[PDB]
Amino acid sequence: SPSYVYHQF
Amino acid sequence: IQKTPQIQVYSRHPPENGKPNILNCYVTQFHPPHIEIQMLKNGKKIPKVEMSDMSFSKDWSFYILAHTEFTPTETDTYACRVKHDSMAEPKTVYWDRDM
Amino acid sequence: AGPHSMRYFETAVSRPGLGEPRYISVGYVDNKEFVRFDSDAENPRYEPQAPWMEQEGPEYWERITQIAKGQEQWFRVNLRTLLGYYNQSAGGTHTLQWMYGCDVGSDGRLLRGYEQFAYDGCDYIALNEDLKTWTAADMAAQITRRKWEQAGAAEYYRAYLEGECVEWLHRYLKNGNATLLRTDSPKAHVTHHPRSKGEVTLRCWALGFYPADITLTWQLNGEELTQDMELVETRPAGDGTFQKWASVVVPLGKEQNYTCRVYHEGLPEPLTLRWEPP
């Protein structure tokens, strides 16, 4: 299952 | 930055004149992902070219497989013409049944 | 061929003035594509790219499709952010790529994890193998790096990688192990082509093999020959199998001293073959 980066650049 | 496409033109099955087959144009190692791919028969666009969905590899370069149905013949020439920003000119690779 | 793997390749391309950025996410188990999402679809959702994935229920697809929407957000936002960090004009097309996932060993535990990012095809930021530190390619990436060290992002990713990535991989393996753990040994043959005065080209063909992991080498008098050996990239036949060839230039009349070696996990014994006339 794919997931989120969650954190921003 | 721009990466120049690498093109292989080849058949799915060992070529046999008169016997239906699949012609592949496998294009790799290019960036940006925008690309145009035409498959040619005797210098003319094959109107039914099925293009796989683009992915990219572990080096970030993109790849894609264009394919169409064809029937190898003693006289028909097949090719793949590719247009990309890395290239000033479109690149044509002819099908060589020895490669 | 090695440890089992689950990998995701996600990419977003901005198209200024032509609407939303295009977003594509592709999933691979053991290098086989099994799941795909494209934003330019009529009904953008994750679709099976493997028959053993239609064993999954309705809730699965809707859930991961939701994840896809969230990801689209993230990608658009950070596309714009990077436009910021690199001081670039807003009407250009740019690419943002994310690659991530897990290699697991025979025990079933995390062997290797991946979290990497590229902008315009060039490395941006990558989780080191310790799964604790970041490699940042340039100054623009250092910002994100300080930001992410401050936020403890590495622990979050490490937790996902050691945890559910592996569990999902195990699950998938369990569903598709009949088709994933299958081998197709290559059919090998050698062709002969005139090349120049006294010189011929010998070409070793390996056709119809699965998986794609293969080694082709030449041999002069039983000894490995790779010097000036031309290797093409393993290419898809389009039916699930692969092709590869390897060529050498050889003196005319001396072709009998050369042998081609094919190594593939489908073969019980390696293939050794030569140019067989007539």
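Residues numbered from 1 in each chain as written, not as in the entry; some residues may be left out. Chains lettered and ligands numbered in written order. Heavy atoms only, no water.

(A) Main features of the domain arrangement of chain C. Residue and element names in this part refer to chain C. One can read the domain layout of chain C as domain 1 (1-182) and domain 2 (183-269). On a C-alpha basis, the centroid separation for the pair domain 1 and domain 2 is 35 Å. The interface is formed by six residues belonging to domain 1 together with six residues belonging to domain 2. Carbon and sulfur atoms make up 37% of the surface buried where domain 1 meets domain 2, a total of about 470 Å² over both sides. (Domains from an automatic or database assignment. Contact = heavy atoms within 4.5 Å. Buried area = accessible area lost by both parts, 1.4 Å probe.)

(B) Quick look at the pairing of strand β15 (residues 242-251) of chain C. Residues and elements named next belong to chain C. Across the ten residues of β15, eight count as buried, placing the element largely inside the fold. Relative to β15, strand β10 (residues 199-209) runs antiparallel, the two sharing ten bridges. The partner of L207 across the bridge, within β15, is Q243. In the sheet, strand β14 (residues 235-236) pairs with β15 via two bridges, with the strands oriented antiparallel. (Buried < 20%, exposed > 50% of the residue type's maximum accessible area, 1.4 Å probe, protein only. Helix = DSSP H or I, 4+ residues; strand = E, 2+ residues; numbered from the N terminus. Pairing = 2+ DSSP bridges.)

(C) Geometry of empty space enclosed by the protein. All told, the structure shown has one cavity of 30 Å³ or more when counted by the stated rule. What the largest cavity holds in volume is close to 30 Å³. Around the largest cavity, the lining residues are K58(B), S5(C), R7(C), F9(C), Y28(C) and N31(C). The greatest single-element share of the lining of the largest cavity, amounting to three residues, is contributed by strand β1 (residues 4-13) of chain C. Its residues placed into classes, the lining of the largest cavity shows two nonpolar, two polar and two charged. (1 Å grid on protein atoms, 1.4 Å probe; cavity = no way out; pocket = protein on both sides within 12 Å on 5 of 7 lines; lining within 4 Å. Points joined across faces, edges and corners; volume = space filled by probe spheres on them. Nonpolar A, V, L, I, M, F, W, Y, C, P; charged D, E, K, R; others polar.)

(D) Spatial organisation of the sheet that holds strand β8 (residues 78-83) of chain B. All names here are of chain B. A sheet is described by the order of its strands in space; here four strands give the open sequence β4-β3-β8-β9, paired in antiparallel fashion. Taken across any chain shown, the strands that pair with only one partner, and hence form the sheet edges, are β4 (44-45) and β9 (91-94). Examined bridge by bridge, strand β3 (residues 36-41) and β8 share six bridges and lie antiparallel to one another. Of the residues in β8, the one forming a bridge with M39 is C80.

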